[PDB]
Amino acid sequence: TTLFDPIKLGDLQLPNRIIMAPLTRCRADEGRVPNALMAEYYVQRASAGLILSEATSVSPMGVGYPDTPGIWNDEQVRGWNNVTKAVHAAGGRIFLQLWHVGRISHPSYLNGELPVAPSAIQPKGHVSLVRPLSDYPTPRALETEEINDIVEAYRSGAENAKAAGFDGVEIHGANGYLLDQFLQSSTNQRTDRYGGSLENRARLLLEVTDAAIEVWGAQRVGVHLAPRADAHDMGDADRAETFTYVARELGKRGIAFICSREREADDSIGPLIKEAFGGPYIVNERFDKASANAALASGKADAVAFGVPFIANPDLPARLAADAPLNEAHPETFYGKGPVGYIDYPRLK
């Protein structure tokens, strides 16, 4: 098996195993509405076996960055429908990544309200993008009832993604955002049904997954994880146990795939997660053609997602096939505004 062999995820046939990683780019129209510029960008990248969209918030309280899209209202649905129709016409496939940032936010995005979290524990560091440099606030710990409200926002978001014509949804369970905050012991000190045991810590992620399953069928739902707990001030007392429990429970549900941001190192727990899960495993983080092909050949992965190389190379799959040079990425325009550093990276000539 190589990167260029087709794979099925659930009942969706992909033409290759080169996956476009979910990538926040901050190019939405005011009101967090997907636009034609975004449609152009995704169309350019439609040769990907599957596109995982930029993280897309399921509610106004789940945003923490400027100009990132939502999926909670009809205006946003209409904007996304233009994106998915264009991707499909270009021969591509796309899942919407469902997001809630939890504590990783700032009151300026929330009309002065505090970000919400399982527990009132301030994340270290400064809010990205916000200027002047600001610390994160201490978040407000959610009431039990409010957590059910959040599950409903994910359910509605999943319904809205289906109306918008996506091929599936991926649950953002990674990178220190809301679901990951509940999952890990350092950030969750709750004593209701949503904290205080592994079963309880994983509960929110699984309730959101089950809601998505009702809308989509599990074989059109994926989950994103960050098992090294290395972004946004995370930390868990037994991550081998935590993430394999999640993997087992997701596998019981027959979900389409797990995609983990976890570069290869001796402490990679990906193999434990893959085995517990039993379904297609998508590795990610610092992979190149050679190491991706090596992981496929060794059975450590079923597909490989590429982030930065897809930012800079719309025709990444053709470039990989040809062992062609790759465009250099410009991190100064990963975020920010407009077409420069977004739709102006060239295709092979």
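Sequential numbering from 1, following the sequence displayed.
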{"property": "Comparing 28-36 with 318-326, the one whose average Cα B-factor in the PDB entry is higher", "result": "318-326"}
{"property": "Residue stretch of maximal mean CA temperature factor, 290-298 vs 44-52", "result": "290-298"}
{"property": "Candidate set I258, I121, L205, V215 [ranked by C-alpha B-factor, highest]", "result": "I121"}
{"property": "Peak C-alpha temperature factor (PDB record), options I150, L129, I104, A163", "result": "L129"}
{"property": "Lowest, middle or highest third - CA B-factor, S186", "result": "middle"}
{"property": "Position of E262 among the chain's modelled residues by C-alpha B-factor, lowest, middle or highest third", "result": "lowest"}
{"property": "Relative C-alpha B-factor of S197, binned into the chain's lowest, middle or highest third", "result": "highest"}
{"property": "CA B-factor ranking of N81, expressed as a third of its chain", "result": "middle"}
{"property": "Third of the chain's Cα B-factor distribution that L14 belongs to, per the entry", "result": "middle"}
